[PDB]
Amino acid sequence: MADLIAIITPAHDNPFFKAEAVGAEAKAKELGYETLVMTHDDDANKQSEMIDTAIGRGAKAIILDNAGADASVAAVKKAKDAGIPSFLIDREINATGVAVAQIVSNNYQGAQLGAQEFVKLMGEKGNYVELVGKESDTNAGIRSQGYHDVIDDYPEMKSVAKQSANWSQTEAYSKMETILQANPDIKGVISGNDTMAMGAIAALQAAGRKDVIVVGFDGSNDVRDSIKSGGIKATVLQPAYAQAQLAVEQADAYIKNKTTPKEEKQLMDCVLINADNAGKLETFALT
């Protein structure tokens, strides 16, 4: 009898997406909804299958962390034309007026915070590597732009490789091994996300290069723990749990009386995480 909210994210092997799913589920149930939690594994066909499932089950709203900024438009529009609104988190789509909300972190602002800390830790000089995210996710390019708009003020810092590891810890490990072999004279690595930072720090440790400075982005417990143990030096918190809950709150308001947010596209502030506040961070929230 209870209304159903469908929650669709990428795979839960990245703790960011698991945390979004659990935060969205918690808020939905707190507000009296049943939930259907599905993963699309960054596969647009799987995402389309899951949206079909939400439609067939009669979901009253979809919470979506999407499988590609371009590829996801049609599936969101399919749900819309079936009378089911979507509230997107984390990742934008390249279309307005289709989703009811797109609630994302302020990726450019956050990336600048991380790069400013990276520059400081690097002493404004030295060779570095950059790991970038998936081309299909606009966050990858926004963060890389924020990083370079900071780092291009420091002429003694030089990028000696810039490679995508597709938001994957395992790809980042393998990539980092290759990059390090070709560029032993590196002083730091700046990563577009935390799973790639985890892969990079592990590859560097296996190579006996604990001297290399690594900065990530997301604020996961895994990277927090690395910061606490003297591994990775900093990251940038995206408020994943609160963002997922806010999407459900807006979904509920829309279901109840068609309240819509004044602006579809919404930003949430990021915060730098380093050794001084890592001990206040838990499951993508500071206390």
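Sequential numbering from 1, following the sequence displayed.
*Asks:* Per the PDB record, is the mean Cα temperature factor higher over 238 to 246 or over 43 to 51?
*Replies:* Higher mean C-alpha B-factor: 43 to 51.
*Asks:* Please compare 105 to 113 with 167 to 175 and name the stretch with the higher mean C-alpha B-factor in the deposited structure.
*Replies:* Of 167 to 175 and 105 to 113, the stretch with the higher C-alpha B-factor average is 167 to 175.
*Asks:* Could you check 156, 90, 81, 194 and tell me which one carries the biggest Cα B-factor in the deposited entry?
*Replies:* Comparing C-alpha B-factors across 156, 90, 81, 194, the maximum falls on 81.
*Asks:* From the list 213, 74, 160, 151, select the residue with the highest C-alpha B factor recorded in the entry.
*Replies:* Each of 213, 74, 160, 151 was compared by C-alpha B-factor; the highest is 74.
*Asks:* Mind checking which third residue 276 falls in for C-alpha B-factor across the chain?
*Replies:* Tercile = highest for this residue's CA B-factor.
*Asks:* Lowest, middle or highest third: which one holds residue 183 when the chain's residues are ordered by CA B-factor from the entry?
*Replies:* Its C-alpha B-factor, which the entry lists for residue 183, ranks in the highest third among residues of this chain.
*Asks:* Going by what the PDB entry lists, where does residue 120 fall on CA B-factor within its chain: lowest, middle or highest third?
*Replies:* For residue 120, whose C-alpha B-factor we compare with every modelled residue in the chain, the answer is the middle third.
*Asks:* Split the chain's modelled residues into thirds by Cα B-factor; is residue 202 in the lowest, middle or highest one?
*Replies:* According to the entry, residue 202 has a C-alpha B-factor in the chain's highest third.
*Asks:* Residue 97: which third of its chain by C-alpha temperature factor?
*Replies:* It falls in the top third of the chain.
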